[PDB]
Amino acid sequence: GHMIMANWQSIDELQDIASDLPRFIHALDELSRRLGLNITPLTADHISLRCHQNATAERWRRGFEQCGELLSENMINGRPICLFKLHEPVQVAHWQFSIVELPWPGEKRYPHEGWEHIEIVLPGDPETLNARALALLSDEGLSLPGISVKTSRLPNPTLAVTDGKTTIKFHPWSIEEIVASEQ
């Protein structure tokens, strides 16, 4: 018989983020359009959530443990960040995100509990990651108001472009590769 593997959209504990996805799809589509970023050729790595309540993080953890498996859990700035690999992906446009990042509440307070950013892997030399990512963004986009850009074992330089609430990041490695680098 076909394997019974709960899809993330079927889990009671994840109903809020399932309902929050359409909003995020629009957010990413719009941000990419303003930045003049061509999404089609870019390789998806993982999608990330943000919460401000510990209870919310715990609830989502219980939910992801019903539709995925833990890839890693690391202490980042005094709080845990879990990376889960799901049996079935979170569909975002043409992308199929199999890995979800679940960070506990940290220093910065994000008012919205739900989808917040995605990370793209740009193969090549880590030393030029920032420069290569910046080259993918149009001049008009970078100069647009409200839009900002910032920078952040294996060197994992991460270039992040944002509108204030929705963010797209680029880095040299995939999560599975980072996990492998430390075994």
# chains A, B, ... in the order shown; residues from 1 in each chain; ligands from 1
call {"tool": "residues_around", "arguments": {"residues": "residue 135 (chain A)", "least_positions_apart": "5", "cutoff": "10 Å", "atoms": "only C-alpha atoms", "output": "number ranges by chain"}}
result
A: 37, 129-130
call {"tool": "residues_around", "arguments": {"residues": "residue 179 (chain A)", "least_positions_apart": "4", "cutoff": "9 Å", "atoms": "only C-alpha atoms", "output": "PyMOL selection string"}}
result
chain A and resi 71-72+174-175+183
call {"tool": "atom_distance", "arguments": {"atom1": "CA of residue 88 (chain A)", "atom2": "CA of residue 172 (chain A)"}}
result
24.4 Å
call {"tool": "select_by_dssp", "arguments": {"residues": "region 21-175 of chain A", "states": "strand (DSSP E or B)", "output": "compact mmCIF listing (two decimals) with N, CA, C and O atoms, in the first residue's frame"}}
result
# COMPACT_ATOMS: atom_id res chain seq x y z
N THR A 43 18.77 28.01 -7.92
CA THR A 43 18.57 26.78 -7.17
C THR A 43 18.11 27.04 -5.74
O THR A 43 18.81 27.69 -4.96
N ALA A 44 16.94 26.51 -5.40
CA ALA A 44 16.37 26.67 -4.07
C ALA A 44 17.07 25.78 -3.05
O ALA A 44 17.36 24.62 -3.32
N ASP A 45 17.34 26.34 -1.88
CA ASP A 45 18.00 25.59 -0.82
C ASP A 45 16.98 25.33 0.30
O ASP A 45 16.55 24.20 0.51
N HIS A 46 16.59 26.38 1.00
CA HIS A 46 15.62 26.20 2.06
C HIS A 46 14.75 27.43 2.27
O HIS A 46 15.07 28.52 1.80
N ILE A 47 13.62 27.22 2.93
CA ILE A 47 12.70 28.31 3.21
C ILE A 47 12.69 28.50 4.73
O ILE A 47 12.78 27.52 5.48
N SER A 48 12.58 29.75 5.18
CA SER A 48 12.65 30.03 6.60
C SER A 48 11.47 30.74 7.21
O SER A 48 10.90 31.66 6.62
N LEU A 49 11.15 30.32 8.43
CA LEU A 49 10.07 30.89 9.23
C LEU A 49 10.67 31.81 10.28
O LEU A 49 11.88 31.80 10.53
N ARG A 50 9.81 32.61 10.91
CA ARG A 50 10.23 33.46 12.01
C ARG A 50 9.07 33.46 12.99
O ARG A 50 7.91 33.47 12.58
N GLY A 68 8.41 15.36 8.64
CA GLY A 68 9.81 15.47 8.27
C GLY A 68 10.74 14.89 9.31
O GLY A 68 10.30 14.26 10.28
N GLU A 69 12.02 15.14 9.11
CA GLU A 69 13.07 14.64 10.00
C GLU A 69 14.09 15.73 10.24
O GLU A 69 14.36 16.55 9.36
N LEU A 70 14.68 15.74 11.43
CA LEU A 70 15.67 16.75 11.78
C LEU A 70 17.01 16.58 11.07
O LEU A 70 17.64 15.53 11.15
N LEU A 71 17.45 17.63 10.38
CA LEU A 71 18.74 17.59 9.69
C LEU A 71 19.81 18.10 10.63
O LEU A 71 20.92 17.57 10.68
N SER A 72 19.48 19.15 11.37
CA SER A 72 20.42 19.73 12.30
C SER A 72 19.72 20.69 13.23
O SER A 72 18.66 21.24 12.91
N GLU A 73 20.30 20.87 14.41
CA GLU A 73 19.80 21.80 15.39
C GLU A 73 21.05 22.41 15.99
O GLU A 73 21.86 21.71 16.61
N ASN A 74 21.22 23.70 15.77
CA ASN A 74 22.40 24.41 16.26
C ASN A 74 22.02 25.59 17.12
O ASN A 74 20.95 26.16 16.98
N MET A 75 22.93 25.95 18.02
CA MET A 75 22.73 27.08 18.90
C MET A 75 23.28 28.29 18.17
O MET A 75 24.46 28.34 17.83
N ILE A 76 22.40 29.25 17.89
CA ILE A 76 22.79 30.46 17.20
C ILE A 76 22.36 31.65 18.05
O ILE A 76 21.17 31.86 18.29
N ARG A 79 20.05 30.82 21.04
CA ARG A 79 18.79 30.14 20.80
C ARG A 79 18.92 29.08 19.70
O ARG A 79 19.73 29.21 18.79
N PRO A 80 18.13 28.01 19.79
CA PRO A 80 18.22 26.97 18.78
C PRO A 80 17.58 27.31 17.45
O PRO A 80 16.62 28.08 17.37
N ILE A 81 18.14 26.73 16.39
CA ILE A 81 17.61 26.87 15.05
C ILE A 81 17.60 25.45 14.50
O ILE A 81 18.65 24.79 14.42
N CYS A 82 16.41 24.97 14.16
CA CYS A 82 16.25 23.64 13.61
C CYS A 82 16.10 23.67 12.10
O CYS A 82 15.49 24.58 11.55
N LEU A 83 16.66 22.67 11.44
CA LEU A 83 16.54 22.54 10.00
C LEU A 83 15.91 21.16 9.79
O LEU A 83 16.47 20.14 10.20
N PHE A 84 14.72 21.15 9.19
CA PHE A 84 13.98 19.92 8.94
C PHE A 84 13.90 19.59 7.46
O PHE A 84 13.70 20.48 6.63
N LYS A 85 14.04 18.32 7.12
CA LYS A 85 13.91 17.88 5.74
C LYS A 85 12.54 17.19 5.69
O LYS A 85 12.30 16.21 6.39
N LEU A 86 11.63 17.73 4.87
CA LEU A 86 10.29 17.17 4.75
C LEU A 86 10.18 16.07 3.70
O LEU A 86 10.94 16.04 2.73
N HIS A 87 9.24 15.15 3.90
CA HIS A 87 9.03 14.05 2.97
C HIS A 87 8.47 14.57 1.66
O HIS A 87 8.75 14.02 0.59
N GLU A 88 7.67 15.63 1.74
CA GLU A 88 7.06 16.26 0.57
C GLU A 88 7.40 17.75 0.74
O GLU A 88 7.35 18.28 1.85
N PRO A 89 7.71 18.44 -0.35
CA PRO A 89 8.08 19.85 -0.30
C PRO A 89 7.05 20.95 -0.11
O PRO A 89 5.84 20.74 -0.25
N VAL A 90 7.57 22.12 0.23
CA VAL A 90 6.76 23.33 0.34
C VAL A 90 6.92 23.90 -1.07
O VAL A 90 8.02 24.30 -1.47
N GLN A 91 5.82 23.93 -1.82
CA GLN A 91 5.84 24.44 -3.19
C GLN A 91 5.79 25.96 -3.22
O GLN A 91 4.89 26.57 -2.66
N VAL A 92 6.79 26.57 -3.86
CA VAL A 92 6.85 28.03 -3.97
C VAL A 92 7.16 28.32 -5.42
O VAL A 92 8.31 28.21 -5.85
N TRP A 95 9.64 26.35 -7.49
CA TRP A 95 10.51 25.73 -6.48
C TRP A 95 9.84 24.71 -5.57
O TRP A 95 8.67 24.83 -5.22
N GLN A 96 10.62 23.70 -5.18
CA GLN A 96 10.17 22.67 -4.26
C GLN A 96 11.15 22.69 -3.09
O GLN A 96 12.21 22.07 -3.15
N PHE A 97 10.80 23.41 -2.03
CA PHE A 97 11.67 23.49 -0.86
C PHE A 97 11.50 22.27 0.02
O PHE A 97 10.44 22.09 0.62
N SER A 98 12.52 21.43 0.11
CA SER A 98 12.42 20.25 0.96
C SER A 98 12.93 20.51 2.36
O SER A 98 12.69 19.72 3.28
N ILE A 99 13.63 21.62 2.53
CA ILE A 99 14.20 21.96 3.83
C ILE A 99 13.61 23.25 4.39
O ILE A 99 13.54 24.27 3.70
N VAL A 100 13.17 23.18 5.64
CA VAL A 100 12.59 24.32 6.33
C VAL A 100 13.43 24.67 7.55
O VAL A 100 13.80 23.79 8.33
N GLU A 101 13.72 25.95 7.70
CA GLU A 101 14.48 26.44 8.84
C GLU A 101 13.50 27.00 9.86
O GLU A 101 12.65 27.84 9.54
N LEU A 102 13.62 26.52 11.10
CA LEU A 102 12.75 26.94 12.19
C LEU A 102 13.60 27.51 13.32
O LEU A 102 14.15 26.78 14.14
N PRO A 103 13.73 28.85 13.37
CA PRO A 103 14.53 29.49 14.41
C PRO A 103 13.70 29.93 15.61
O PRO A 103 12.60 30.45 15.44
N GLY A 114 5.49 33.50 10.77
CA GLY A 114 5.22 32.80 9.53
C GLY A 114 6.40 32.88 8.60
O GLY A 114 7.51 33.17 9.04
N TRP A 115 6.17 32.65 7.31
CA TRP A 115 7.24 32.68 6.32
C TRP A 115 7.92 34.04 6.27
O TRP A 115 7.26 35.08 6.29
N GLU A 116 9.25 34.03 6.20
CA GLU A 116 10.01 35.28 6.20
C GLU A 116 11.09 35.37 5.13
O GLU A 116 11.31 36.45 4.58
N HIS A 117 11.78 34.27 4.83
CA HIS A 117 12.80 34.33 3.78
C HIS A 117 13.13 32.99 3.14
O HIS A 117 12.74 31.93 3.63
N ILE A 118 13.81 33.05 2.00
CA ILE A 118 14.24 31.84 1.32
C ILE A 118 15.72 32.00 1.07
O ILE A 118 16.23 33.13 1.06
N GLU A 119 16.42 30.89 0.90
CA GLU A 119 17.85 30.95 0.62
C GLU A 119 18.17 30.17 -0.64
O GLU A 119 17.72 29.03 -0.82
N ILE A 120 18.94 30.82 -1.50
CA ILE A 120 19.34 30.29 -2.79
C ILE A 120 20.83 29.95 -2.76
O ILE A 120 21.63 30.68 -2.17
N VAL A 121 21.19 28.84 -3.39
CA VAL A 121 22.59 28.44 -3.44
C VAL A 121 23.19 28.86 -4.78
O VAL A 121 22.64 28.55 -5.84
N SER A 148 16.88 47.07 0.78
CA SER A 148 18.20 47.12 1.39
C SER A 148 18.94 45.81 1.20
O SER A 148 18.32 44.76 0.99
N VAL A 149 20.26 45.88 1.27
CA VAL A 149 21.11 44.71 1.10
C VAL A 149 22.12 44.65 2.23
O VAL A 149 22.59 45.68 2.70
N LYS A 150 22.44 43.44 2.67
CA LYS A 150 23.40 43.26 3.75
C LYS A 150 24.14 41.94 3.62
O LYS A 150 23.71 41.04 2.90
N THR A 151 25.24 41.83 4.35
CA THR A 151 26.04 40.62 4.36
C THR A 151 25.98 40.01 5.75
O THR A 151 25.50 40.65 6.69
N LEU A 159 24.52 36.77 1.32
CA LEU A 159 24.09 38.09 0.87
C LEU A 159 22.56 38.09 0.97
O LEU A 159 21.90 37.21 0.42
N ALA A 160 22.01 39.07 1.68
CA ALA A 160 20.57 39.16 1.86
C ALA A 160 20.00 40.46 1.31
O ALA A 160 20.53 41.53 1.59
N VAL A 161 18.95 40.35 0.51
CA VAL A 161 18.28 41.53 -0.04
C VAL A 161 16.88 41.51 0.55
O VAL A 161 16.24 40.46 0.63
N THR A 162 16.39 42.68 0.96
CA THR A 162 15.08 42.75 1.61
C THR A 162 14.29 44.03 1.34
O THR A 162 14.83 45.02 0.83
N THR A 167 12.60 38.59 2.70
CA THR A 167 14.01 38.53 2.33
C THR A 167 14.41 37.34 1.46
O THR A 167 13.85 36.24 1.56
N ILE A 168 15.38 37.58 0.59
CA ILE A 168 15.92 36.55 -0.28
C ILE A 168 17.42 36.56 -0.01
O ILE A 168 18.06 37.61 -0.10
N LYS A 169 17.96 35.41 0.37
CA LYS A 169 19.39 35.32 0.65
C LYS A 169 20.07 34.37 -0.32
O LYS A 169 19.44 33.48 -0.90
N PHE A 170 21.36 34.59 -0.50
CA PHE A 170 22.18 33.78 -1.40
C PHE A 170 23.42 33.35 -0.62
O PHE A 170 23.97 34.14 0.15
N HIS A 171 23.84 32.10 -0.79
CA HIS A 171 25.06 31.62 -0.15
C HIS A 171 25.69 30.52 -1.01
O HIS A 171 25.05 30.00 -1.92
call {"tool": "closest_residue", "arguments": {"among": "A:9, A:173, A:105, A:38", "to": "residue 64 (chain A)", "atoms": "only C-alpha atoms"}}
result
A:9
call {"tool": "select_by_dssp", "arguments": {"residues": "chain A", "states": "alpha helix (DSSP H)", "output": "PyMOL selection string"}}
result
chain A and resi 15-35+54-64+129-135+139-143+175-181
call {"tool": "write_last_selection", "arguments": {"atoms": "C-alpha atoms", "output": "PDB file, in the first residue's frame"}}
result
ATOM      1  CA  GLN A  15      -2.259  25.181   9.799  1.00  0.00           C
ATOM      2  CA  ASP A  16      -1.248  28.787  10.350  1.00  0.00           C
ATOM      3  CA  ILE A  17       1.815  28.572   8.104  1.00  0.00           C
ATOM      4  CA  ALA A  18      -0.137  26.610   5.495  1.00  0.00           C
ATOM      5  CA  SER A  19      -2.593  29.531   5.445  1.00  0.00           C
ATOM      6  CA  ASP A  20       0.303  32.019   5.356  1.00  0.00           C
ATOM      7  CA  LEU A  21       1.987  30.626   2.248  1.00  0.00           C
ATOM      8  CA  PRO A  22      -0.060  32.428  -0.435  1.00  0.00           C
ATOM      9  CA  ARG A  23       0.848  35.786   1.137  1.00  0.00           C
ATOM     10  CA  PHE A  24       4.513  34.822   1.015  1.00  0.00           C
ATOM     11  CA  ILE A  25       4.366  33.639  -2.611  1.00  0.00           C
ATOM     12  CA  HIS A  26       3.093  37.086  -3.609  1.00  0.00           C
ATOM     13  CA  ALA A  27       5.728  38.781  -1.438  1.00  0.00           C
ATOM     14  CA  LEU A  28       8.555  36.855  -3.107  1.00  0.00           C
ATOM     15  CA  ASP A  29       7.114  37.377  -6.580  1.00  0.00           C
ATOM     16  CA  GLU A  30       6.822  41.121  -6.065  1.00  0.00           C
ATOM     17  CA  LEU A  31      10.249  41.484  -4.451  1.00  0.00           C
ATOM     18  CA  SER A  32      11.850  39.555  -7.314  1.00  0.00           C
ATOM     19  CA  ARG A  33      10.056  41.744  -9.860  1.00  0.00           C
ATOM     20  CA  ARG A  34      11.183  44.995  -8.220  1.00  0.00           C
ATOM     21  CA  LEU A  35      14.757  43.698  -7.935  1.00  0.00           C
ATOM     22  CA  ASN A  54       8.699  30.127  22.245  1.00  0.00           C
ATOM     23  CA  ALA A  55       5.339  28.332  22.285  1.00  0.00           C
ATOM     24  CA  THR A  56       4.932  28.999  18.565  1.00  0.00           C
ATOM     25  CA  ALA A  57       8.336  27.467  17.836  1.00  0.00           C
ATOM     26  CA  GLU A  58       7.501  24.415  19.947  1.00  0.00           C
ATOM     27  CA  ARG A  59       4.154  23.962  18.191  1.00  0.00           C
ATOM     28  CA  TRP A  60       5.734  24.155  14.750  1.00  0.00           C
ATOM     29  CA  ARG A  61       8.415  21.706  15.888  1.00  0.00           C
ATOM     30  CA  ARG A  62       5.747  19.178  16.901  1.00  0.00           C
ATOM     31  CA  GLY A  63       4.177  19.772  13.488  1.00  0.00           C
ATOM     32  CA  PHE A  64       7.332  19.306  11.428  1.00  0.00           C
ATOM     33  CA  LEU A 129      29.612  35.042  -3.375  1.00  0.00           C
ATOM     34  CA  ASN A 130      28.588  38.558  -2.338  1.00  0.00           C
ATOM     35  CA  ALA A 131      29.792  40.020  -5.634  1.00  0.00           C
ATOM     36  CA  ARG A 132      28.055  37.374  -7.749  1.00  0.00           C
ATOM     37  CA  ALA A 133      24.765  37.799  -5.882  1.00  0.00           C
ATOM     38  CA  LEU A 134      24.867  41.590  -6.253  1.00  0.00           C
ATOM     39  CA  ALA A 135      25.386  41.144  -9.997  1.00  0.00           C
ATOM     40  CA  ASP A 139      20.452  48.818 -10.814  1.00  0.00           C
ATOM     41  CA  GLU A 140      16.894  50.111 -10.505  1.00  0.00           C
ATOM     42  CA  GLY A 141      16.023  47.517  -7.881  1.00  0.00           C
ATOM     43  CA  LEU A 142      19.076  48.167  -5.709  1.00  0.00           C
ATOM     44  CA  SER A 143      18.413  51.912  -5.801  1.00  0.00           C
ATOM     45  CA  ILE A 175      22.168  22.722   3.861  1.00  0.00           C
ATOM     46  CA  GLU A 176      23.001  19.074   3.146  1.00  0.00           C
ATOM     47  CA  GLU A 177      26.500  20.133   2.095  1.00  0.00           C
ATOM     48  CA  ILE A 178      26.994  22.157   5.261  1.00  0.00           C
ATOM     49  CA  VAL A 179      25.792  19.144   7.265  1.00  0.00           C
ATOM     50  CA  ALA A 180      28.263  16.897   5.431  1.00  0.00           C
ATOM     51  CA  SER A 181      31.162  19.286   6.034  1.00  0.00           C
TER      52      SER A 181
END
call {"tool": "atom_distance", "arguments": {"atom1": "CA of residue 163 (chain A)", "atom2": "CA of residue 8 (chain A)"}}
result
27.7 Å
